[PDB]
Amino acid sequence: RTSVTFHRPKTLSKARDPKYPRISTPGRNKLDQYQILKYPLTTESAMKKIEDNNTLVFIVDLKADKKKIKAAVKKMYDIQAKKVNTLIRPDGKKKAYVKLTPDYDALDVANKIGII
Amino acid sequence: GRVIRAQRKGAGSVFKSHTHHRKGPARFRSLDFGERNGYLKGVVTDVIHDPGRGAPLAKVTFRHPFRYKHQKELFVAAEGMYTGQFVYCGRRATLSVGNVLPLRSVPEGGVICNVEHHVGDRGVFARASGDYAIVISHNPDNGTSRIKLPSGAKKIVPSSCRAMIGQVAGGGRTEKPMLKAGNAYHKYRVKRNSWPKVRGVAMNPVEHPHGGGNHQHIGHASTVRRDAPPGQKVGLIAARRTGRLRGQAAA
Amino acid sequence: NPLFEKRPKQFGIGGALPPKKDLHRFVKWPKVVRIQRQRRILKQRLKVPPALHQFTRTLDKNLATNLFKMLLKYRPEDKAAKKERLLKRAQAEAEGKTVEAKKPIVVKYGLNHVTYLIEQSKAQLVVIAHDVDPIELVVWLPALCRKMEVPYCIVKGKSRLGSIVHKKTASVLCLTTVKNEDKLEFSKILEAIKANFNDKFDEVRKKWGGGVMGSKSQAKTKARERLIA
RNA sequence: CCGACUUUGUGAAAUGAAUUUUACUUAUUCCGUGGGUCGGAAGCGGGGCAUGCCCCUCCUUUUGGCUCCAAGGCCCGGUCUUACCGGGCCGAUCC
RNA sequence: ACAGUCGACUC
RNA sequence: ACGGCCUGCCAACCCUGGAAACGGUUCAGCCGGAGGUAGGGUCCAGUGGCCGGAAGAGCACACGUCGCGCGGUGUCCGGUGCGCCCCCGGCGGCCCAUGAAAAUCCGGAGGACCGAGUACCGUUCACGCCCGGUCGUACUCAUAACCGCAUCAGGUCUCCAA
RNA sequence: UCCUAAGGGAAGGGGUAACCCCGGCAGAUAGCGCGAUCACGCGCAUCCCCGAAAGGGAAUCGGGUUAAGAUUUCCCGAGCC
Ligand SMILES: [Mg+2]
Ligand SMILES: [Mg+2]
Ligand SMILES: [Mg+2]
Ligand SMILES: [Mg+2]
Ligand SMILES: [Mg+2]
Ligand SMILES: [Mg+2]
Ligand SMILES: [Mg+2]
Ligand SMILES: [Mg+2]
Ligand SMILES: [Mg+2]
Ligand SMILES: [Mg+2]
Ligand SMILES: [Mg+2]
Ligand SMILES: [Mg+2]
Ligand SMILES: [Mg+2]
Ligand SMILES: [Mg+2]
Ligand SMILES: [Mg+2]
Ligand SMILES: [Mg+2]
Ligand SMILES: [Mg+2]
């Protein structure tokens with residue numbers, strides 16, 4: 001030997017190869033677009049957001065994150081978000097401010113879904 | 001009664017050692033081949049004040065004998081050491097104040113400090129500020145030596161026990177009156193929670209064997225036996241005598 | 001050429017750093033290795049009683065190899081070959097209905113079976129492994145073979161016995177009968193083995209083994225006796 | 001605190017018909033390392049006033065520097081076969 | 001060592 | 001804010017040079033043949049000056065238009081201090097007390113191993129492209145949103161301060 | 001959020017009738033890491049996690065704005081990691 005300390009040797013391990021899958025059925029997507037985008041909040045304070053700042057205010061599933069919000073806002077409504085802000089409103093649900101890239105018009109989307 | 005302060009100190013609750021700013025264990029080097037059978041050259045880098053200990057500590061930066069790195073060891077400064085000094089460790093270290101030699105290499109009469117006791121336990125006697133052990137005599141038929149400790153006792157130690165030649169620095173420190181409860185307090189914060197210390201005679205019986213009474217007095221012999229159960233062994237333990245020490249008994 | 005040069009490093013006690021040499025003496029082993037080393041060391045230091053010290057006295061290599069040649073000649077039956085012997089008698093039972101087998105002769109093994117053979121005195125040669133753990137399984141076969149007058153040897157390697165029979169250990173073997181074509185070869189080995197153990201038991205039943213102190217302790221011994229003498 | 005039994009083995013003498021003393025290392029107990037040099041025998045010098053055959057030594061004292069991942073030497077073995085790769089050892093005393 | 005300008009404060 | 005340039009405090013550092021008839025300097029110290037006074041340089045702080053940011057912003061006035069209009073002018077110049085707040089620099093003092101650790105970052109020692117020049121190996125440089133997730137965020141912070149059975153003279157840690 | 005301090009919980013081990021109790025006791029230590037895979041070599045020290053919205057700390061400023069939000073979260077501009 002060289003050193004006065006015996007460190008444990010290197011052995012080799014195999015990856016798990018089950019003879020039966022533990023979970024057969026393929027797991028469905030449960031935070032899908034329709035759960036993740038519940039309904040656009042339509043207060044007058046948000047109606048002002050629709051026309052001043054080119055933003056749509058949605059109420060989103062509480063376990064949402066900004067990446068999923070932008071992805072769903074794209075698949076639904078066939079737009080994109082240049083930036084999303086989120087906050088969990090004190091009553092309990094999460095509220096998301098989805099600002100559209102100024103290619104798309106928030107008025108146009110608000111009348112394609114019926115808000116204003 | 002209730003459990004008495006002499007008994008409460010063994011719990012560790014608040015009586016642990018206040019060691020947040022202490023610089024680490026102050027001890028010799030791990031005895032190895034080179035320092036069994038030759039000398040190793042190390043250089044002092046700083047004399048650092050160790051909190052809670054009167055003796056300064058000397059950072060000594062050896063070169064590692066068999067790996068490529070420095071070894072910041074940390075000694076108890078012997079009065080005389082200075083930064084930039086070369087201290088040499090081993091058996092063929094020249095008898096110079098600061099070098100550490102086995103006692104097989106300290107001529108009789110020489111003063112030493114930080115004496116090991118089992119060869120390689122890295123220094124146990126003559127360590128506090130300004131104390132030293134004199135190598136009285138040697139016996140080469142058993143490979144042992146004798147030293148006069150600070151206490152006035154005389155201990156046979158293995159002849160291969162190392163020792164730092166000189167005396168520990170910081171000597172004469174306990175000569176200065178502290179003059180202030182403030183000085184006493186700032187002394188004991190950095191050692192341990194053992195001050196202020198209340199007379200037992202001014203306690204109630206439930207917490208001290210001396211307690212209570214319409215006058216303050218002990219009421220029974222203040223000398224207690226060696227075997228007295230914990231909580232009774234307070235006072236003067238197993239005393240051979242008392243009163244002011246006169247004559248031969250004061251030796 | 002001219003630049004090629006010698007640079008001696010001075011591997012002193014304060015010289016340059018020593019190289020990658022051997023430190024095998026000092027390596028801090030796992031606790032398993034550590035304990036299995038002080039195991040044999042402590043068996044060396046302690047005084048083995050004669051019943052256990054009749055071991056450590058094994059067959060010598062030459063006679064062991066001569067014996068194991070015959071043992072290999074008489075190996076027990078393979079799993080591969082034991083299906084064929086039961087497969088091909090099917091027809092001899094189905095059509096002829098008559099058995100033409102003669103006795104197949106091979107070595108016997110297994111502690112219970114060999115003690116059965118020995119205690120009926122049907123055992124014509126016994127071969128005991130020296131290193132059976134727990135030792136008590138064979139502390140007594142030497143004495144048993146000795147007081148029933150059966151030739152025995154304490155060979156070395158229970159695994160090497162196991163190979164003979166195709167098991168991982170064997171711990172004991174014995175021969176009851178050999179082919180007529182090798183009686184003389186057999187009886188040349190029996191007399192030697194008898195001479196080694198069934199002639200020396202009655203004086204190695206008294207000798208305590210062990211006590212062979214350490215290397216440094218023996219160096220102390222030779223240092224001390226000289227300064228005494 | 002103390003005695004006996006127990007873990008608790010090995011062998012030696014002295015007193016008595018068991019007692020205090022001792023020596024061993026392996027149980028045990030304490031200590032130390034990143035289990036880093038142990039034990040023995042060599043060899044390099046130096047003391048020689050029986051050339052003994054024994055002792056004292058292990059190529060660092062030096063000025064707050066640096067020191068690692070070996071140069072080197074021989075022997076294998078492949079390679080262009082008319083130009084280049086893999087190793088055995090010594091350096092680093094042997095058991 | 002004189003001349004020009006300035007100066008908020010203290011005694 | 002941020003980017004560039006300039007300055008360069010009090011300390012520290014470099015070069016020439018050689019000091020007694022001792023000098024230099026502080027409110028105080030202190031410094032000097034281990035190299036002062038002197039001449040000349042470097043670096044460091046900056047919450048310092050100028051420019052970009054930037055007048056288009058903000059304020060202030062002045063008008064005149066019905067309807068987050070629009071138009072115009074200014075957004076200057078010095079001097080002060082035992083002055084108060086925040087910070088920084090560097091001295092001096094006190095200690096039987098010497099007054100935290102680590103993440104993260106930077107720097108250095110050594111130099112194994114590496115490549116072209118009709119072209120290939122790097123480049124901690126400049127500019128360029130993309131992305132930046134989860135949770136808190138309102139309000140009181142008290143002679144009424146906190147605790148004391150209260151919308152209780154009680155108690156409860158701070159920052160700003162004419 | 002990240003880091004550690006006082007200090008806390010813990011794998012192996014030791015105790016405990018069991019709940020629970022001990023963390024330096026040193027055990028092939030919990031984590032292996034680094035160049036490398038077109039693989040392998042080298043090192044393994046004192047070796048897990050938690051612990052501060054007053055300690056350490058990647059980076060932001062000005063002007064607007066709402067009935068109630070933002071000083072720097074929104075808006076315009078200019079940046080930075
Ligand atoms: Mg948020
Ligand atoms: Mg107190
Ligand atoms: Mg007192
Ligand atoms: Mg008192
Ligand atoms: Mg009282
Ligand atoms: Mg009492
Ligand atoms: Mg009393
Ligand atoms: Mg009285
Ligand atoms: Mg100058
Ligand atoms: Mg500035
Ligand atoms: Mg100071
Ligand atoms: Mg807010
Ligand atoms: Mg607020
Ligand atoms: Mg209540
Ligand atoms: Mg944490
Ligand atoms: Mg924090
Ligand atoms: Mg903080």
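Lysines near B:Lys176 by alpha-carbon distance under 24 Å, same-chain residues fewer than 8 away left out - which ones?
Within the straight-line cut-off, B:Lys176 pairs with B:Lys187, B:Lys191, B:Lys197.
Partner chain Cβ atoms within 10 Å, averaged over the residues of C:10-19 - can you pull that number for me?
Counting other chains' Cβ atoms within 10 Å and averaging over C:10-19 gives 3.
Under a point spin-label approximation (7 Å from Cα along Cα-to-Cβ), what is the C:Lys168-A:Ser13 distance to one decimal in nm?
It is 2.6 nm.
If I build a Gaussian network model for chain B, linking alpha-carbon pairs within less than 10 angstrom, which residue out of B:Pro25, B:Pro230, B:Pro56 has the largest mean-square fluctuation?
Highest fluctuation of the listed residues: B:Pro230.
In debye, nearest 20, what is the charge dipole magnitude of the stretch A:63-107 about its Cα centre with +1 on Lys and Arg Cβ and -1 on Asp and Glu Cβ, if you could check?
My answer is approximately 320 debye.
What average count of beta carbons from other chains do you get within 10 Å of the Cβ of residues in C:20-28?
3
Averaging sequence separations of C-alpha pairs under 8 Å and six or more residues apart, then dividing by the length of the stretch A:77-116, give the relative contact order as a whole percent.
Reported as a whole number, the value is 35 percent.
Are there trypsin sites (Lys or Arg not before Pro) in the stretch B:1-55 that DSSP marks as loop and that have at most 13 other Cβ atoms within 10 Å, and which are they?
B:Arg2, B:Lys16
Under 10 Å, Cα contacts only: if you run a Gaussian network model on chain C, which one of C:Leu190, C:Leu125, C:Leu42 comes out with the highest mean-square fluctuation?
Checking each option, the largest mean-square fluctuation is seen for C:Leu42.
Using only the Cα atoms of the stretch B:59-114, build the gyration tensor, take square roots of its eigenvalues as a ≥ b ≥ c, and label the shape rounded, prolate or oblate: rounded if a/c is under 1.5, else prolate if a/b is larger than b/c, else oblate.
oblate
How large is ³J(HN,Hα), in whole Hz, for each residue of the stretch C:62-72 in order, when computed from phi with the Karplus curve 6.51 cos²θ - 1.76 cosθ + 1.60 and θ = phi - 60°, using x for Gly and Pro?
Values, residue by residue: 5, 6, 4, 5, 4, 5, 5, 4, 5, 4, 5 Hz.
Can you tell me how much longer the chain between C:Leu23 and C:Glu5 gets when fully stretched, taken as 0.36 nm per residue apart minus their C-alpha distance, in nm with one decimal?
Extra length available between C:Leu23 and C:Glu5 comes to 3.4 nm.
Of C:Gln54, C:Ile154, C:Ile35, which is farthest along the charge dipole of chain C in the positive direction, counting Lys and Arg as +1 and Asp and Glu as -1 at C-beta?
The residue sitting farthest along the positive end of the dipole is C:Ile35.
Extent of the stretch A:8-53 along each principal axis, from alpha carbon coordinates, in Å, largest to smallest?
Ordered largest first, the stretch A:8-53 gives principal extents of 68, 33, 12 Å.
How far, in nm, would the chain grow between B:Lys41 and B:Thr83 when pulled straight, counting 0.36 nm per residue and subtracting the alpha carbon separation?
The B:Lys41-B:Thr83 span can extend by a further 13.7 nm.
Any idea which of A:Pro90, A:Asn111, A:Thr101 is furthest toward the positive side of the dipole for the stretch A:74-116, if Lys and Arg beta-carbons carry +1 and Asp and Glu beta-carbons -1?
About the Cα centre, the residue reaching furthest to the positive side is A:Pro90.
Please state the charge dipole magnitude for the stretch C:1-123, taken about the Cα centre, from unit charges on C-beta atoms (+1 on K and R, -1 on D and E), reported in debye and rounded to the nearest 20.
760
Counting alpha carbon pairs within less than 8 Å and at least 6 residues apart, what relative contact order, in whole percent, applies to the stretch C:114-173?
40
Roughly how big is the stretch C:110-191's charge dipole about its Cα centre, with Cβ charges of +1 (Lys, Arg) and -1 (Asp, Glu), in debye to the nearest 20?
140
Which of rounded, prolate, oblate describes the stretch A:38-104, given a ≥ b ≥ c as roots of the alpha-carbon gyration tensor eigenvalues and a/c under 1.5 marking rounded, otherwise prolate only if a/b is larger than b/c?
Oblate is the answer for the stretch A:38-104, as a/c is 1.5 or above yet b/c matches or exceeds a/b.
Just need the relative contact order of chain C here, percent rounded to a whole number, with Cα pairs under 8 Å and 6+ apart.
27
For a quick check: with amide H placed at 1.01 Å from N, whose amide H comes under 5 Å from B:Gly212's, ignoring anything fewer than 5 positions away on the same chain?
B:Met203, B:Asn204
Work out the charge dipole of the protein assembly as shown with +1 on the Cβ of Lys and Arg and -1 on the Cβ of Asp and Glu about the Cα centre, then indicate which of C:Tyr109, C:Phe197, B:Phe75 is farthest towards its positive end.
Farthest towards the positive pole: B:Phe75.
Neighbour counts run over all protein chains shown; Cβ positions are idealised from the backbone, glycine included. Every number in this text was worked out from the coordinates using simple rules, so none of it is lab data.
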